[PDB]
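Engineer: If you scroll down you'll find the structure; I have some questions about it.
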Amino acid sequence: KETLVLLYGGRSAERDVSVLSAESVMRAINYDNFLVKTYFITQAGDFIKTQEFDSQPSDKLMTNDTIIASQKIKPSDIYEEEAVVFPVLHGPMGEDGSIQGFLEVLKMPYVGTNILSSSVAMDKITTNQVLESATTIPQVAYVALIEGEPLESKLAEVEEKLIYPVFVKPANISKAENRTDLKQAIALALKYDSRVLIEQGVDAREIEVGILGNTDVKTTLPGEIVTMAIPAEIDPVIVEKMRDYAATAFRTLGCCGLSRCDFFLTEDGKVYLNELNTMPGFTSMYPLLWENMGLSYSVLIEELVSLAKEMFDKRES
Amino acid sequence: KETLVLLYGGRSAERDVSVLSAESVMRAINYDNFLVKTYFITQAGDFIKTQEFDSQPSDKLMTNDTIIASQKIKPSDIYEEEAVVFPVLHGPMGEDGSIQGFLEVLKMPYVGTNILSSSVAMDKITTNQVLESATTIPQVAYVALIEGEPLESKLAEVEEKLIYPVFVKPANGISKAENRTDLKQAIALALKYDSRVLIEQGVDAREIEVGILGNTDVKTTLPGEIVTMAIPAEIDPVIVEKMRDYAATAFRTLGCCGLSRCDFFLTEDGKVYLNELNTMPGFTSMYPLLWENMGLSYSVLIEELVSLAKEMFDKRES
């Protein structure tokens, strides 16, 4: 009885994973409740009309090796009154707010966070600055570099604040074990972007919290990476902290819909926010974290759809 | 020789001004250099294919009273290889990164700042936090409220940090408050709009604006003053430099590209506060005039914007 538009693929490096999530989303959905229209976005950004399903498939989604050129559409022709888009797109141009902006301009409800909270959440420098300003959530140690800042003292700031190895990424990846590697990593990263992140390399436990909702934020029990332990075996104090931090991070950025909060837990029991992930994999932890809480994958989906409509009504009213 | 797609109108409250800026841009442009294709976005969000100019117009653009239904297009049909979009859209859906995202998805070069620096610049809470963390640019005194924070200590925090009157707005319902009761009433409606609410100090100070232009080579204008426009503003060299440095730093920190206008307050004892960074300023109005005083004519200003647009597009697509 509802039309879901399931966009998958994309232009980012994470685009092959996107096809996998979209395939898992399309087999997990309850068709009692949805007609599903799928559209592949190719690596060059083209929109391809591919299979509609009125009933459960069992049936491959399109890939960049299998484009059918006659099935190409005008991108705005995804549009249908009252359809809700589920953008199963990861990394840049799936999580950086460009797809969200496109769908806002097309006037369609869509699953997941809005434009501000997507771009901010994707930009670790901005995320860290917002969170250190507005919250007490600890961020993985980092240094921000804006082209123009004197290099020699940036280098010294990196060595004061961080311990080698560090990782250098343009804002929108090279490892450094010493100051020479660092200089060489920064020089290429400035060719990419005028804003550069240098981040502490961390070897610690990787523990993840699912987040769901719009105004009423729910979190899962944490689950651990390394194989998955769901739930993670951790002290109650750490469970509470991680879930509070996740919810606080989501509320502060004005996220809505879903996210997954990726934490590090050190041998001394210190918790650091590593990353807020606004469109997490569905291939993978996010669905399974909610499954452990008693929320099934098909019902998880319907909830995402109802939150999408609620944000749309709210943003259109 | 170049195709400029000029998008005007929009769904924001500033959409009537948008039409005037676009009329001013279509008249100031050098048609030696451009074929101009105009598209009106209606208040409801539809795209209307309206005039294409190959030479200077005399010649009015569409309005929400004058829509021609048959001239409606599919929004992606604005697309044309190698055409550069100038989105003359102000406020929400015009400066909030939604338009930029839509054009990025359509794969078109566009004038102005990218998705992140638009949405951040539009959100005063995030801008202020970013700038106070990464810079020494003073921000107009403010308090941020996230729905969930206990109300009483927010009220007291407003009264500790700020002096009445204050203005309350949802971050996504603007009310003035002169007292704690006005404040509570204003916050309560603002929260029906958005979970994030800004409370900002009312400031009665001199208003002085700085044009910014460029991508990696950031250029700024001499400051210009609002009340009539004094361009350049008559201010001490120390304030001029400070303003222009704060403007360029704000632009660089946010990752802006293309253009912005920075609006400052200047108080009676010579203190400077950043009020706003405006990423698509009016072209009706200070921005072109600020550059005109620097010797940069409006027509060549536009050519520079276009060339900056093609340049960011190349960096993005690579």
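Residues in the structure tokens are named by chain (A, B, ... in the order shown) and by number from 1 within that chain; ligands are numbered from 1 in the order shown.
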For the contact check between stretch 170-270 of chain B and stretch 184-194 of chain A, emit one row per residue of stretch 170-270 of chain B within 10 Å, containing the shortest atom pair and the distance in Å rounded to one decimal, counting only C-alpha atoms, chain then rising number order, as a Markdown table.
Structural biologist:
```
| residue | atom | partner | partner_atom | distance |
| --- | --- | --- | --- | --- |
| B:215 | CA | A:194 | CA | 9.7 |
| B:216 | CA | A:194 | CA | 7.6 |
| B:252 | CA | A:194 | CA | 8.2 |
| B:253 | CA | A:194 | CA | 9.3 |
| B:255 | CA | A:194 | CA | 7.3 |
```
Engineer: Pull N, CA and C atoms from the residues just selected and write them as a PDB file, in the first residue's frame.
Structural biologist:
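Below is the file that was written, result.pdb:
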```pdb
ATOM      1  N   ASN B 215      38.132  31.396  -4.536  1.00  0.00           N
ATOM      2  CA  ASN B 215      38.053  29.991  -4.160  1.00  0.00           C
ATOM      3  C   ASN B 215      39.169  29.644  -3.191  1.00  0.00           C
ATOM      4  N   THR B 216      40.398  29.645  -3.695  1.00  0.00           N
ATOM      5  CA  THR B 216      41.557  29.447  -2.853  1.00  0.00           C
ATOM      6  C   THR B 216      42.256  30.769  -2.650  1.00  0.00           C
ATOM      7  N   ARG B 252      37.450  31.031   4.774  1.00  0.00           N
ATOM      8  CA  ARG B 252      38.396  29.882   4.772  1.00  0.00           C
ATOM      9  C   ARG B 252      38.055  28.778   5.761  1.00  0.00           C
ATOM     10  N   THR B 253      37.610  29.123   6.954  1.00  0.00           N
ATOM     11  CA  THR B 253      37.408  28.119   8.048  1.00  0.00           C
ATOM     12  C   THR B 253      36.227  27.247   7.693  1.00  0.00           C
ATOM     13  N   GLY B 255      35.208  26.622   4.689  1.00  0.00           N
ATOM     14  CA  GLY B 255      35.405  25.944   3.401  1.00  0.00           C
ATOM     15  C   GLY B 255      34.546  26.545   2.280  1.00  0.00           C
TER      16      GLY B 255
END
```
Engineer: Would you give me, as a ChimeraX atom specification, the residues of chain B that come within 9 Å of chain A, using only C-alpha atoms?
Structural biologist: /B:45-46,74-77,93,96-107,115-120,123,126,129-130,132-134,144,146-148,172,193-196,216,252-255,315-316
Engineer: Within 8 Å of stretch 291-308 of chain A, which residues of stretch 7-36 of chain A show up? Give each one with its shortest atom-to-atom distance in Å (one decimal) and the two atoms involved, counting only C-alpha atoms, rows by chain then rising residue number, as JSON lines.
Structural biologist:
```
{"residue": "A:28", "atom": "CA", "partner": "A:298", "partner_atom": "CA", "distance": 5.5}
{"residue": "A:29", "atom": "CA", "partner": "A:298", "partner_atom": "CA", "distance": 4.8}
{"residue": "A:30", "atom": "CA", "partner": "A:298", "partner_atom": "CA", "distance": 5.6}
```
Engineer: Neighbouring residues of residue A:57 were defined as those with any atom within 12 Å, considering only C-alpha atoms; residues of the same chain fewer than 2 positions away were excluded. Please report them as a PyMOL selection string.
Structural biologist: chain A and resi 23-31+36+51-55+59-61
Engineer: Could you write out the selected residues, including N, CA and C atoms, as a PDB file, in the first residue's frame?
Structural biologist:
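out32.pdb, freshly written:
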```pdb
ATOM      1  N   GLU A  23      20.089  -4.529  -1.732  1.00  0.00           N
ATOM      2  CA  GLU A  23      19.675  -5.934  -1.897  1.00  0.00           C
ATOM      3  C   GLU A  23      19.185  -6.536  -0.557  1.00  0.00           C
ATOM      4  N   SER A  24      19.900  -6.279   0.532  1.00  0.00           N
ATOM      5  CA  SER A  24      19.434  -6.782   1.820  1.00  0.00           C
ATOM      6  C   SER A  24      18.147  -6.022   2.241  1.00  0.00           C
ATOM      7  N   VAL A  25      18.076  -4.700   2.016  1.00  0.00           N
ATOM      8  CA  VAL A  25      16.850  -3.940   2.343  1.00  0.00           C
ATOM      9  C   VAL A  25      15.665  -4.465   1.552  1.00  0.00           C
ATOM     10  N   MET A  26      15.889  -4.830   0.284  1.00  0.00           N
ATOM     11  CA  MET A  26      14.741  -5.216  -0.575  1.00  0.00           C
ATOM     12  C   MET A  26      14.218  -6.634  -0.272  1.00  0.00           C
ATOM     13  N   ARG A  27      15.078  -7.504   0.247  1.00  0.00           N
ATOM     14  CA  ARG A  27      14.656  -8.831   0.694  1.00  0.00           C
ATOM     15  C   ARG A  27      14.089  -8.812   2.125  1.00  0.00           C
ATOM     16  N   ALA A  28      14.438  -7.814   2.938  1.00  0.00           N
ATOM     17  CA  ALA A  28      13.935  -7.710   4.329  1.00  0.00           C
ATOM     18  C   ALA A  28      12.631  -6.939   4.417  1.00  0.00           C
ATOM     19  N   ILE A  29      12.304  -6.148   3.414  1.00  0.00           N
ATOM     20  CA  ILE A  29      11.112  -5.369   3.532  1.00  0.00           C
ATOM     21  C   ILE A  29       9.826  -6.229   3.569  1.00  0.00           C
ATOM     22  N   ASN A  30       8.856  -5.812   4.361  1.00  0.00           N
ATOM     23  CA  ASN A  30       7.531  -6.433   4.248  1.00  0.00           C
ATOM     24  C   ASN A  30       6.746  -5.848   3.073  1.00  0.00           C
ATOM     25  N   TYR A  31       6.563  -6.652   2.036  1.00  0.00           N
ATOM     26  CA  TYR A  31       5.745  -6.230   0.912  1.00  0.00           C
ATOM     27  C   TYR A  31       4.247  -6.116   1.215  1.00  0.00           C
ATOM     28  N   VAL A  36       7.924  -1.530  -3.929  1.00  0.00           N
ATOM     29  CA  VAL A  36       9.302  -1.019  -3.948  1.00  0.00           C
ATOM     30  C   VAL A  36       9.769  -0.721  -5.375  1.00  0.00           C
ATOM     31  N   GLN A  51      14.379  -2.911 -11.581  1.00  0.00           N
ATOM     32  CA  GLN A  51      13.194  -3.590 -11.018  1.00  0.00           C
ATOM     33  C   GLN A  51      12.308  -2.932  -9.929  1.00  0.00           C
ATOM     34  N   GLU A  52      10.996  -2.948 -10.184  1.00  0.00           N
ATOM     35  CA  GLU A  52       9.918  -2.748  -9.225  1.00  0.00           C
ATOM     36  C   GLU A  52       9.540  -4.076  -8.654  1.00  0.00           C
ATOM     37  N   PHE A  53       9.358  -4.167  -7.344  1.00  0.00           N
ATOM     38  CA  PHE A  53       8.878  -5.393  -6.759  1.00  0.00           C
ATOM     39  C   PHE A  53       7.599  -5.110  -5.985  1.00  0.00           C
ATOM     40  N   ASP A  54       6.523  -5.851  -6.284  1.00  0.00           N
ATOM     41  CA  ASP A  54       5.323  -5.898  -5.432  1.00  0.00           C
ATOM     42  C   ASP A  54       5.334  -7.080  -4.466  1.00  0.00           C
ATOM     43  N   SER A  55       6.338  -7.948  -4.540  1.00  0.00           N
ATOM     44  CA  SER A  55       6.384  -9.073  -3.661  1.00  0.00           C
ATOM     45  C   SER A  55       7.839  -9.479  -3.377  1.00  0.00           C
ATOM     46  N   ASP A  59      17.603 -12.843  -8.115  1.00  0.00           N
ATOM     47  CA  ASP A  59      17.086 -11.455  -8.247  1.00  0.00           C
ATOM     48  C   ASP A  59      18.186 -10.476  -7.783  1.00  0.00           C
ATOM     49  N   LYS A  60      19.016 -10.041  -8.733  1.00  0.00           N
ATOM     50  CA  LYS A  60      20.174  -9.167  -8.457  1.00  0.00           C
ATOM     51  C   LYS A  60      19.827  -7.709  -8.804  1.00  0.00           C
ATOM     52  N   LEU A  61      20.345  -6.758  -8.007  1.00  0.00           N
ATOM     53  CA  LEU A  61      20.206  -5.304  -8.356  1.00  0.00           C
ATOM     54  C   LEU A  61      21.309  -4.958  -9.388  1.00  0.00           C
TER      55      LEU A  61
END
```
Engineer: Where does DSSP see alpha helix (DSSP H) in stretch 55-145 of chain A, if you list the residues as a count of residues only?
Structural biologist: 27
Engineer: Identify all residues of stretch 185-243 of chain B in strand (DSSP E) (DSSP on the backbone) and supply them as a VMD selection string.
Structural biologist: chain B and resid 196 to 201 206 to 214 219 to 220 224 to 226 229 to 230
Engineer: Within 7 Å of residue B:166, counting only C-alpha atoms, which residues qualify if same-chain residues fewer than 6 places away don't, as a ChimeraX atom specification?
Structural biologist: /B:176-178,199-202
Engineer: Determine, counting only C-alpha atoms, which protein, DNA and RNA residues have an atom within 8 Å of an atom of residue B:124; residues of the same chain fewer than 3 positions away are not included. Present the result as a PyMOL selection string.
Structural biologist: chain B and resi 120-121+127-128+171+198+276
Engineer: What does the distance between atom CA of residue B:207 and atom CA of residue B:277 come to in Å, to one decimal place?
Structural biologist: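 Straight-line distance from atom CA of residue B:207 to atom CA of residue B:277 works out to 13.1 Å.
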Engineer: Could you list, as an MDAnalysis selection string, every residue within 10 Å of stretch 67-69 of chain B, counting only C-alpha atoms and ignoring same-chain residues fewer than 4 positions away?
Structural biologist: chainID B and resid 40:42 46 48:50 62:63 73
Engineer: Produce a file of the selected residues containing C-alpha atoms, as an mmCIF file, in the first residue's frame.
Structural biologist:
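Below is the file result.cif, written as the result:
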```
data_model
loop_
_atom_site.group_PDB
_atom_site.id
_atom_site.type_symbol
_atom_site.label_atom_id
_atom_site.label_comp_id
_atom_site.auth_asym_id
_atom_site.auth_seq_id
_atom_site.Cartn_x
_atom_site.Cartn_y
_atom_site.Cartn_z
ATOM 1 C CA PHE B 40 11.702 30.296 -12.203
ATOM 2 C CA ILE B 41 11.196 28.065 -9.181
ATOM 3 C CA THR B 42 7.701 28.621 -7.884
ATOM 4 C CA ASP B 46 7.954 23.638 -9.451
ATOM 5 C CA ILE B 48 9.194 26.962 -14.883
ATOM 6 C CA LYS B 49 11.101 27.317 -18.160
ATOM 7 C CA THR B 50 10.928 31.061 -18.782
ATOM 8 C CA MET B 62 8.269 35.357 -13.799
ATOM 9 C CA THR B 63 6.553 35.781 -10.470
ATOM 10 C CA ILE B 73 9.495 21.404 -16.929
#
```
Engineer: What is the distance between atom CA of residue A:181 and atom CA of residue A:13, in Å to one decimal?
Structural biologist: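 Those two atoms sit 24.5 Å apart.
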Engineer: With only C-alpha atoms as the atoms that count, which of A:17, A:271, A:108, A:68 lies nearest to residue A:202?
Structural biologist: A:271
Engineer: Just the residues within 6 Å of stretch 24-38 of chain B, please, counting only C-alpha atoms, with nothing from its chain fewer than 4 positions along; format it as an MDAnalysis selection string.
Structural biologist: chainID B and resid 1:6 50:55 284 299
